[PDB]
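Read the structure below first, then the notes.
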Amino acid sequence: XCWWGXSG
Amino acid sequence: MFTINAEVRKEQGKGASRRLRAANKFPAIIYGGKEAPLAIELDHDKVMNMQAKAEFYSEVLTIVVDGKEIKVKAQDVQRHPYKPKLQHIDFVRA
Amino acid sequence: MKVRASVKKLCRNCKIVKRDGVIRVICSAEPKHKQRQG
Amino acid sequence: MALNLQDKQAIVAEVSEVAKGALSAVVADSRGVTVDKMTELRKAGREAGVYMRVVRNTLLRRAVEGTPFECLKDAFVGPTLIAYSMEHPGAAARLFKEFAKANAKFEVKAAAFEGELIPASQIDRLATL
Amino acid sequence: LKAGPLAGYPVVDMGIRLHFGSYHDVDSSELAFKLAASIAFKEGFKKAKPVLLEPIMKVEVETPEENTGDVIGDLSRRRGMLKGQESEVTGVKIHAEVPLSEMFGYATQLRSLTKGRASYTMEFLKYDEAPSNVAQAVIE
Amino acid sequence: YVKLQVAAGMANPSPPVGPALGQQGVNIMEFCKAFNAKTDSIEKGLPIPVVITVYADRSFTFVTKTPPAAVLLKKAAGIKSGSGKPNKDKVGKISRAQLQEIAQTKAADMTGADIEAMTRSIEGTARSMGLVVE
Amino acid sequence: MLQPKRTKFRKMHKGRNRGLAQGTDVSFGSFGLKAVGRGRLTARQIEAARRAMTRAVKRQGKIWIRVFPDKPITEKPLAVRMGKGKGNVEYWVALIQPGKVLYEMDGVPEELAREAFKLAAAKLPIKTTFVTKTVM
RNA sequence: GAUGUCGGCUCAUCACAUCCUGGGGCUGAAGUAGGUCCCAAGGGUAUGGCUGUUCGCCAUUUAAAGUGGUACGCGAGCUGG
RNA sequence: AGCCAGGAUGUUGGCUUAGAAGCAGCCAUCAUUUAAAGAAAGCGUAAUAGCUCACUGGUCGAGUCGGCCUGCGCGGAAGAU
Ligand SMILES: [Mg+2]
Ligand SMILES: [Mg+2]
Ligand SMILES: [Mg+2]
Ligand SMILES: [Mg+2]
Ligand SMILES: [Mg+2]
Ligand SMILES: [Mg+2]
Ligand SMILES: [Mg+2]
Ligand SMILES: [Mg+2]
Ligand SMILES: [Mg+2]
Ligand SMILES: [Mg+2]
Ligand SMILES: [Mg+2]
Ligand SMILES: [Mg+2]
Ligand SMILES: [Mg+2]
Ligand SMILES: [Mg+2]
Ligand SMILES: [Mg+2]
Ligand SMILES: [Mg+2]
Ligand SMILES: [Mg+2]
Ligand SMILES: [Mg+2]
Ligand SMILES: [Mg+2]
Ligand SMILES: [Mg+2]
Ligand SMILES: [Mg+2]
Ligand SMILES: [Zn+2]
């Protein structure tokens with residue numbers, strides 16, 4: 001959960 | 001080799017020795033051998049400077065009283081408990 | 001300025017000066033080093 | 001370490017022995033010459049048989065007393081570098097002339113040949129020999 | 001693994017070995033073995049040292065040379081660890097590994113340090129374990 | 001007055017010297033061929049300190065310097081790693097015979113006219129790197 | 001927390017700290033911290049001085065603690081009246097007389113020993129001095 | 001052979017270990033806004049909901065809603081929860 | 001004491017580290033020129049760089065520095081009529 005690139 | 005000038009004590013006791021220390025002098029004793037133990041008073045500052053040398057205690061020293069040289073070694077030393085002072089020193093002849 | 005009972009030089013530049021009966025440490029290099037006994 | 005009186009005496013002895021062996025002594029000022037250059041100066045000195053030693057002026061006067069280089073006592077003003085030539089009297093002057101050309105801050109104050117004090121203009125003549 | 005025992009987060013990088021067991025002729029069933037496996041998993045996780053993992057991002061920042069000390073210091077202020085530094089004809093590239101929790105509004109602080117002349121890119125790299133203070137914070 | 005170290009043969013690629021010559025504003029190709037000339041004559045793959053005194057009006061003067069004593073002694077000992085503890089542990093041993101050739105190589109750098117004094121400067125470096133000296 | 005492992009009696013009379021000290025010489029090592037005054041050293045104060053002194057020398061050399069807290073001090077609970085027996089033991093203290101050597105050190109340079117004893121002294125309520133061994 | 005005991009109200013007075021306003025040093029003080037000390041007592045320094053409450057919490061302000069001493073100031077001034 | 005000048009070379013010692021170049025740390029603390037220069041006492045740098053210091057040659061002219069013991073002072077030191 002934490003930025004436009006998706007990811008945690 | 002340390003030549004230490006000293007005078008025979010006029011009197012002896014806690015009061016006499018405490019008064020001597022208040023005068024910047026300290027009681028000391030020369031004992032051993034046939035000669036009777038002689039009570040002497042030494043200047044505190046003079047001996048305090050000499051005894052800073054480690055060799056002083058081990059090497060023989062000369063003490064002159066009434067112009068007579070006596071060769072002795074420092075048997076025991078009494079130091080003030082907290083202050084950098086010498087309460088008393090014991091000397092053994094030869 | 002640090003107002004503390006124990007004032008002392010924290011660097012060579014620090015200087016102990018008594019002004020008007022008050023011990024002060026002034027430092028040319030650091031402002032934080034400035035101190036006053038009080 | 002403030003040199004001890006004996007330490008200065010050993011210096012005075014060494015310098016006096018070097019001065020007794022030296023055909024020429026050149027006094028110059030190394031004020032403002034960097035170590036990078038000074039080390040190159042000495043490297044050139046060693047190659048040319050010139051022992052270059054900077055000494056305290058007072059020690060130099062103490063050593064000069066009793067050698068043919070008595071005239072140098074006045075020459076000892078400011079920082080004084082003494083370049084004793086052991087092998088060739090002209091080599092020391094030639095090295096200083098090259099250094100002085102490379103370094104406009106290098107002032108060669110005075111020179112001495114055979115007892116006679118030499119002026120700065122005649123130092124160039126000592127280099128031509 | 002879908003719901004971790006401690007904090008409910010997904011279990012990762014963990015393997016198990018089934019070496020022994022028991023059965024009944026009538027009672028034993030697929031569902032029964034699944035529930036027994038669940039009980040054993042919880043007991044083992046409770047005794048194994050369970051640590052939460054924080055996602056780490058590979059971050060590359062292009063900064064003017066004058067502010068490189070400031071950007072490197074900001075990344076160090078974050079629990080991020082520098083892994084690289086490339087000087088470039090235009091700007092200086094800085095590579096660092098920073099937890100995403102620390103990477104919030106990083107652009108605002110980065111622009112304040114470099115006069116808005118610095119840009120950064122990031123990619124998820126791995127799940128290194130969180131520091132204890134941050135991990136306890138996550139558990140709460 | 002710019003100081004940089006470029007390995008022999010690494011002059012040809014633009015990127016290692018690209019930031020240094022881009023910020024100053026110097027053409028890489030001209031420096032490249034010139035530095036390559038000397039580096040190709042010297043053993044390739046050996047790091048070379050270069051003092052490149054660039055004047056403002058596009059004038060470049062580079063001073064090639066002998067490879068550092070660290071790499072020379074490390075290669076002479078044939079070890080790619082130094083010593084973590086110079087005294088309590090020894091990484092490798094070097095020969096006195098091997099101190100003379102590198103001393104002759106770097107004699108142009110120091111100021112002691114004594115070759116034995118130069119072999120001492122290297123053996124002292126060997127003590128710092130933990131190399132045993134006979 | 002230095003404290004007798006066992007004792008004959010658990011409570012002791014308050015007593016009087018009078019007289020000069022015994023153990024005034026640096027016997028165990030080269031340097032020592034010597035009390036110039038009289039007072040009581042708590043186990044906690046001794047532990048804090050030991051922690052600060054051992055941290056300074058970077059765990060080098062050897063540290064001798066020449067003083068042991070063998071005296072049980074009893075304090076009454078707050079808001080209780082006088083009497084109703086003696087108070088429960090709370091802490092242990094060592095009686096100090098002027099001249100006592102509290103700590104000794106060896107294997108470290110003298111200039112380093114001076115600083116380590118300065119950091120230890122700060123945590124101590126008794127004026128202390130730096131002493132070195134002497135040949136009697 | 002009696003010094004009325006909590007809170008409120010009316011009326012205060014002082015201290016300063018200063019809440020605001022005034023002056024200043026350092027700041028991890030760009031500015032705005034702070035933090036922390038030093039100096040300073042001239043003046044100012046809420047209204048209500050709940051509860052007997054002091055207090056506290058809450059709503060809404062305000063430059064700010066100081067902390068204490070005064071027989072926990074004040075019942076031959078009032079009240080009596 | 002001040003002032004002038006140098007304060008280096010091997011070298012950016014090895015290790016480590018994203019980097020660690022005298023100056024985070026860790027170990028070694030050597031050798032050269034030599035007036036003297038620490039594998040560095042500081043400031044500084046992301047590392048560099050840069051600025052000092054130790055040390056040294058000049059200038060200058062007479063005392064100067066650091067501890068020990070001790071007398072009497074100073075700061076620490078804010079309350080309510
Ligand atoms: Mg009596
Ligand atoms: Mg004033
Ligand atoms: Mg009555
Ligand atoms: Mg005030
Ligand atoms: Mg006021
Ligand atoms: Mg007032
Ligand atoms: Mg007025
Ligand atoms: Mg109501
Ligand atoms: Mg009041
Ligand atoms: Mg009031
Ligand atoms: Mg009261
Ligand atoms: Mg009342
Ligand atoms: Mg009344
Ligand atoms: Mg009345
Ligand atoms: Mg009435
Ligand atoms: Mg190094
Ligand atoms: Mg290092
Ligand atoms: Mg550094
Ligand atoms: Mg003169
Ligand atoms: Mg004179
Ligand atoms: Mg006083
Ligand atoms: Zn300062």
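Just so you know, these numbers use all the heavy atoms, side chains as well, and skip hydrogens, waters and symmetry mates. Note on naming: letters A, B, ... go to the chains in the order of the sequence lines (proteins, then strands), and numbering restarts at 1 for each one.
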Exercise for the section: Identify whether any heavy atom of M118(F) sits under 4.0 Å from a base atom; if not, whether one sits that close to sugar-phosphate; answer base, sugar-phosphate or nothing. Expected result: sugar-phosphate
Exercise for the section: Could you check how far CD of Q35(C) sits from P of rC37(H), rounded to whole Å? Expected result: 16 Å
Handout entry: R31(D) side chain near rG58(I) phosphate (N/O to OP1/OP2, under 4.0 Å)
Key = no
Exercise for the section: State whether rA33(H) pairs with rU51(H), counting either Watson-Crick geometry (purine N1 to pyrimidine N3 plus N6-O4 or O6-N4) or a G-U wobble (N1-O2 and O6-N3), each distance below 3.5 Å. Expected result: no
Completion exercise
With north for a positive and south for a negative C1'-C2'-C3'-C4' torsion, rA17(H) lands south
Practice task
May I ask you to say what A126(F) touches in the nucleic acid, namely base, sugar-phosphate or nothing, with a heavy-atom cut-off under 4.0 Å?
Solution key: nothing
Handout entry: Euclidean distance, atom CD of residue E123(F) to atom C1' of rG13(I) [Å, nearest integer]
Key = 13 Å
Problem - Inter-nucleotide P distance (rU48(I), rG14(I)), Å rounded - result: 13 Å
Handout entry: P gap between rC39(H) and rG79(I), integer Å
Key = 13 Å
Practice task
Pick the P atom in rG19(I) and in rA47(I), then give their distance to the nearest Å.
Solution key: 13 Å
Handout entry: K3(F) side chain near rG50(I) phosphate (N/O to OP1/OP2, under 4.0 Å)
Key = no
Handout entry: Rounded distance in Å - CG (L72(F)) to P (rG13(I))
Key = 15 Å
Handout entry: G-U wobble or Watson-Crick pair formed by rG50(I) and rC43(I) (both under 3.5 Å)
Key = yes
Exercise for the section: Positive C1'-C2'-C3'-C4' means north, negative means south, so call it for the sugar of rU56(I). Expected result: north
Handout entry: Base pair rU47(H)/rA2(H) (Watson-Crick or G-U, both distances under 3.5 Å)
Key = no
Exercise for the section: Please determine if a side-chain N or O atom of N87(F) lies less than 4.0 Å away from the OP1 or OP2 oxygen of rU29(I). Expected result: yes
Problem - Two-distance pair test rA46(I) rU70(I), Watson-Crick or wobble, each under 3.5 Å - result: no
Problem - Sugar-phosphate only, base, or nothing, as touched by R4(C) at under 4.0 Å among non-hydrogen atoms - result: nothing
Completion exercise
The furanose of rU13(H), with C1'-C2'-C3'-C4' positive read as north and negative as south, falls north
Exercise for the section: Just call it for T111(F): base, sugar-phosphate, or nothing, with non-hydrogen atoms closer than 4.0 Å on any strand. Expected result: sugar-phosphate
Handout entry: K106(F) side-chain N/O to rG10(I) phosphate OP1/OP2 under 4.0 Å
Key = no
Exercise for the section: Under 4.0 Å between any heavy atoms, over every strand shown, what does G32(D) touch: base, sugar-phosphate, or nothing? Just pick one. Expected result: sugar-phosphate
Completion exercise
Paired to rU36(H) by Watson-Crick or G-U wobble criteria (both distances under 3.5 Å) is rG25(H)
Problem - Any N57(D) side-chain N or O less than 4.0 Å from OP1/OP2 of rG57(I) - result: no
Problem - Note: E110(G)-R114(G) ion pair, threshold 4.0 Å (strictly below) - result: yes
Problem - Base pairing of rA63(H) with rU13(H) (Watson-Crick or G-U, both distances under 3.5 Å) - result: no
Handout entry: Length of the line joining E30(C):CD and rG44(I):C1', which is rounded to integer Å
Key = 12 Å
Exercise for the section: Would you check if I26(C) and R19(C) make a side-chain contact, meaning some heavy-atom pair closer than 4.5 Å? Expected result: yes
Problem - Options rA18(I), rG13(I), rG7(I), nucleotide nearest the side-chain atoms of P86(F) - result: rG13(I)
Handout entry: Nearest-Å distance for atom pair NZ/P, residues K83(E) and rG19(I)
Key = 8 Å
Problem - Gap between atoms CD and P, on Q5(F) and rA47(I) respectively (whole Å) - result: 20 Å
Problem - Under-4.0 Å side-chain N/O to phosphate OP1/OP2 contact, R56(D) with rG57(I) - result: yes
Handout entry: Atom-to-atom span, CG of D36(D) to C1' of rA5(I) - whole angstrom
Key = 16 Å
Handout entry: Classification of the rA40(H) sugar, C1'-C2'-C3'-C4' positive north, negative south
Key = north
Practice task
Would you please indicate yes or no on a ring centroid separation below 6.0 angstrom for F117(G) and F31(G)?
Solution key: no
Handout entry: Any N/O donor-acceptor pair, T125(F) side-chain to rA31(I) base, under 3.5 Å
Key = no
Exercise for the section: Using the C1'-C2'-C3'-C4' torsion, classify the pucker of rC74(H) as north or south, with positive meaning north. Expected result: north
Problem - Under-3.5 Å donor-acceptor pair between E65(E) side chain and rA46(I) base - result: yes
Exercise for the section: With the side chain of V3(C) defined as its heavy atoms from C-beta on, choose the nearest nucleotide among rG25(H), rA46(I), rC38(H). Expected result: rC38(H)
Handout entry: For atom NZ of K90(F) and atom P of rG13(I), their distance in whole Å
Key = 24 Å
Practice task
Check whether any side-chain nitrogen or oxygen of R42(D) sits under 4.0 Å from OP1 or OP2 of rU32(I), and answer yes or no.
Solution key: no
Practice task
With both distances required to be under 3.5 Å, indicate if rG42(H) and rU21(H) make a Watson-Crick or G-U pair.
Solution key: yes
Handout entry: Stacked pair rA17(H)/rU18(H), ring centres under 5.5 Å, planes under 30°
Key = no
Problem - WC/wobble flag for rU54(H) and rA40(H), Watson-Crick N1-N3 plus second contact under 3.5 Å - result: no
